[PDB]
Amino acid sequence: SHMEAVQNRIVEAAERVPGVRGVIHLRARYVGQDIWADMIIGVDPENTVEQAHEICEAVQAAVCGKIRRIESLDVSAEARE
């Protein structure tokens, strides 16, 4: 439920970035006191690949900016809805 709290913050942070259509997948693990995480976000299927890349970079900045204990975050995208 400690990890629940952190994963909740990650999802909420990702969801507040323009162009995110949900968090499809989030795997977060402690490496010592640090979090390493891999994330898949949904995006508009009609976004370009370049736009999807930009959204991913924005999520990475947003999430890392808000959740200081994260020391690695890999964000990919999939078409949603």
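Residue numbers here begin at 1 and follow the sequence given.
Undergrad: For the chain shown, is the CA B-factor of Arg16 in the lowest, middle or highest third of its modelled residues?
TA: Top third by C-alpha B-factor.
Undergrad: Rank-wise, by C-alpha B-factor, drop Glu54 into the lowest, middle or highest third of its chain.
TA: Middle third.
Undergrad: Check where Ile40 lands among this chain's C-alpha B-factors and tell me if it's the lowest, middle or highest third.
TA: Lowest third - that is where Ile40 ends up once the chain's C-alpha B-factors are sorted.
Undergrad: Sorting the chain's CA B-factors, does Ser76 end up in the lowest, middle or highest third?
TA: CA B-factor rank for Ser76: lowest third.
Undergrad: Lowest, middle or highest third: where is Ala28 by C-alpha B factor in its chain?
TA: Tercile = middle for this residue's CA B-factor.
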